[PDB]
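Structure first, then comments.
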Amino acid sequence: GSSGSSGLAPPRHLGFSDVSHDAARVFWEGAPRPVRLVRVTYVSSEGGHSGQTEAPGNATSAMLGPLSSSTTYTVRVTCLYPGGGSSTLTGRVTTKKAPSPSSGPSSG
């Protein structure tokens, strides 16, 4: 049939800075509880490129990529707590535009 399940409200807010056309930095204000590990998962809207990075429960910031350009990427920072459930901070971010693939001359 179909899969149904309400999503619990996020503990804190997400922040995207130094975003690029092939990458994007995702940082949070830290969860209200201590964690052992953090597995962030990013995926391109309309079902596209997806990945998964790992970071220490202490890490409050992690980069992503290689991402796409002018494309929205659904970032979900999953904080795997040490034997006590887990949370997932959802955050959408629109990557920057990439420079045309056309390569020409240059100057020193």
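Residue numbering restarts at 1 for every chain of the structure tokens, chains are lettered A, B, ... in their displayed order, and ligands are numbered from 1 as they appear.
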**Q.** Residue neighbourhood stretch 10-26 of chain A, 9 Å, only C-alpha atoms, exclusion window fewer than 3 positions, as a PyMOL selection string
**A.** chain A and resi 7+29-32+60-71+75+77+87-99
(Q) Taking the DSSP secondary structure from the backbone, can you list the residues of stretch 17-64 of chain A that are strand (DSSP E), as JSON, numbers by chain? (A) {"A": [17, 24, 25, 26, 27, 28, 37, 38, 39, 40, 41, 42, 43, 44, 53, 54, 55, 56, 61, 62, 63, 64]}
Q | residue A:35 environment, 12 Å, only C-alpha atoms, sequence neighbours closer than 3 positions dropped, as a list in words | A |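 Non-adjacent residues within range: residues 30, 31, 32, 38, 39, 55, 56, 57, 58, 59, 60, 78, 79, 80, 81, 82, 83, 84, 85, 86 and 87 of chain A.
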Atoms to include: N, CA, C and O atoms. Write the selected residues as a PDB file, in the first residue's frame.
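The new file result-v1.pdb reads:
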ATOM      1  N   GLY A  30      23.595  22.556  17.755  1.00  0.00           N
ATOM      2  CA  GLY A  30      23.796  21.454  18.678  1.00  0.00           C
ATOM      3  C   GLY A  30      22.496  20.959  19.280  1.00  0.00           C
ATOM      4  O   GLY A  30      21.637  21.754  19.659  1.00  0.00           O
ATOM      5  N   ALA A  31      22.351  19.641  19.368  1.00  0.00           N
ATOM      6  CA  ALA A  31      21.146  19.041  19.928  1.00  0.00           C
ATOM      7  C   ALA A  31      21.078  19.254  21.437  1.00  0.00           C
ATOM      8  O   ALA A  31      22.091  19.454  22.106  1.00  0.00           O
ATOM      9  N   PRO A  32      19.855  19.211  21.986  1.00  0.00           N
ATOM     10  CA  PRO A  32      19.626  19.398  23.422  1.00  0.00           C
ATOM     11  C   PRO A  32      20.145  18.227  24.249  1.00  0.00           C
ATOM     12  O   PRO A  32      20.116  18.262  25.479  1.00  0.00           O
ATOM     13  N   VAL A  38      27.250  11.187  14.368  1.00  0.00           N
ATOM     14  CA  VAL A  38      26.316  11.950  13.549  1.00  0.00           C
ATOM     15  C   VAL A  38      26.445  11.578  12.076  1.00  0.00           C
ATOM     16  O   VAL A  38      27.510  11.730  11.478  1.00  0.00           O
ATOM     17  N   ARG A  39      25.352  11.091  11.497  1.00  0.00           N
ATOM     18  CA  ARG A  39      25.343  10.697  10.093  1.00  0.00           C
ATOM     19  C   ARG A  39      24.407  11.588   9.284  1.00  0.00           C
ATOM     20  O   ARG A  39      23.189  11.417   9.314  1.00  0.00           O
ATOM     21  N   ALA A  55      30.134  12.266  11.128  1.00  0.00           N
ATOM     22  CA  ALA A  55      30.791  13.262  11.965  1.00  0.00           C
ATOM     23  C   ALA A  55      30.606  12.944  13.445  1.00  0.00           C
ATOM     24  O   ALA A  55      29.637  12.302  13.850  1.00  0.00           O
ATOM     25  N   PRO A  56      31.559  13.399  14.272  1.00  0.00           N
ATOM     26  CA  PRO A  56      31.523  13.174  15.720  1.00  0.00           C
ATOM     27  C   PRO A  56      30.413  13.965  16.403  1.00  0.00           C
ATOM     28  O   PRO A  56      30.118  15.096  16.020  1.00  0.00           O
ATOM     29  N   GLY A  57      29.801  13.363  17.419  1.00  0.00           N
ATOM     30  CA  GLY A  57      28.731  14.027  18.138  1.00  0.00           C
ATOM     31  C   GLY A  57      29.113  15.424  18.587  1.00  0.00           C
ATOM     32  O   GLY A  57      28.247  16.242  18.896  1.00  0.00           O
ATOM     33  N   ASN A  58      30.413  15.696  18.625  1.00  0.00           N
ATOM     34  CA  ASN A  58      30.907  17.003  19.042  1.00  0.00           C
ATOM     35  C   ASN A  58      30.906  17.983  17.873  1.00  0.00           C
ATOM     36  O   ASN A  58      30.789  19.193  18.065  1.00  0.00           O
ATOM     37  N   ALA A  59      31.036  17.452  16.662  1.00  0.00           N
ATOM     38  CA  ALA A  59      31.048  18.280  15.462  1.00  0.00           C
ATOM     39  C   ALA A  59      29.703  18.970  15.259  1.00  0.00           C
ATOM     40  O   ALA A  59      28.673  18.314  15.105  1.00  0.00           O
ATOM     41  N   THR A  60      29.720  20.299  15.261  1.00  0.00           N
ATOM     42  CA  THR A  60      28.502  21.079  15.080  1.00  0.00           C
ATOM     43  C   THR A  60      28.439  21.681  13.681  1.00  0.00           C
ATOM     44  O   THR A  60      27.630  22.570  13.413  1.00  0.00           O
ATOM     45  N   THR A  78      21.330  13.434  10.838  1.00  0.00           N
ATOM     46  CA  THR A  78      20.881  12.395  11.757  1.00  0.00           C
ATOM     47  C   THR A  78      21.887  12.183  12.882  1.00  0.00           C
ATOM     48  O   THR A  78      23.015  11.747  12.644  1.00  0.00           O
ATOM     49  N   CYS A  79      21.474  12.493  14.105  1.00  0.00           N
ATOM     50  CA  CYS A  79      22.341  12.335  15.268  1.00  0.00           C
ATOM     51  C   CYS A  79      22.032  11.037  16.005  1.00  0.00           C
ATOM     52  O   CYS A  79      21.096  10.969  16.800  1.00  0.00           O
ATOM     53  N   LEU A  80      22.825  10.006  15.733  1.00  0.00           N
ATOM     54  CA  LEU A  80      22.637   8.706  16.369  1.00  0.00           C
ATOM     55  C   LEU A  80      23.081   8.744  17.827  1.00  0.00           C
ATOM     56  O   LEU A  80      24.276   8.695  18.124  1.00  0.00           O
ATOM     57  N   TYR A  81      22.114   8.830  18.734  1.00  0.00           N
ATOM     58  CA  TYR A  81      22.407   8.875  20.161  1.00  0.00           C
ATOM     59  C   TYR A  81      22.857   7.507  20.668  1.00  0.00           C
ATOM     60  O   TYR A  81      22.437   6.463  20.170  1.00  0.00           O
ATOM     61  N   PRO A  82      23.734   7.514  21.682  1.00  0.00           N
ATOM     62  CA  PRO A  82      24.262   6.283  22.281  1.00  0.00           C
ATOM     63  C   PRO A  82      23.203   5.524  23.072  1.00  0.00           C
ATOM     64  O   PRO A  82      23.053   5.722  24.277  1.00  0.00           O
ATOM     65  N   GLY A  83      22.470   4.652  22.386  1.00  0.00           N
ATOM     66  CA  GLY A  83      21.434   3.875  23.041  1.00  0.00           C
ATOM     67  C   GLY A  83      20.326   4.744  23.603  1.00  0.00           C
ATOM     68  O   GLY A  83      20.105   4.774  24.812  1.00  0.00           O
ATOM     69  N   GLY A  84      19.628   5.453  22.721  1.00  0.00           N
ATOM     70  CA  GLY A  84      18.546   6.319  23.155  1.00  0.00           C
ATOM     71  C   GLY A  84      17.871   7.027  21.998  1.00  0.00           C
ATOM     72  O   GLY A  84      17.771   8.253  21.984  1.00  0.00           O
ATOM     73  N   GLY A  85      17.406   6.253  21.022  1.00  0.00           N
ATOM     74  CA  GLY A  85      16.744   6.832  19.867  1.00  0.00           C
ATOM     75  C   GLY A  85      17.674   7.695  19.038  1.00  0.00           C
ATOM     76  O   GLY A  85      18.893   7.638  19.199  1.00  0.00           O
ATOM     77  N   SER A  86      17.099   8.495  18.145  1.00  0.00           N
ATOM     78  CA  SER A  86      17.885   9.369  17.284  1.00  0.00           C
ATOM     79  C   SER A  86      17.013  10.468  16.684  1.00  0.00           C
ATOM     80  O   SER A  86      15.800  10.309  16.549  1.00  0.00           O
ATOM     81  N   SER A  87      17.641  11.584  16.326  1.00  0.00           N
ATOM     82  CA  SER A  87      16.923  12.712  15.745  1.00  0.00           C
ATOM     83  C   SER A  87      17.391  12.976  14.317  1.00  0.00           C
ATOM     84  O   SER A  87      18.418  12.457  13.881  1.00  0.00           O
TER      85      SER A  87
END
Q: To one decimal in Å, tell me the separation between atom CA of residue A:74 and atom CA of residue A:52.
A: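 Going from atom CA of residue A:74 over to atom CA of residue A:52 covers 11.7 Å.
Put simply, atom CA of residue A:73 is 5.4 Å away from atom CA of residue A:43.
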Q: Considering only C-alpha atoms, state which residue in the set A:49, A:108, A:103, A:40 is at the smallest distance from residue A:27.
A: A:40
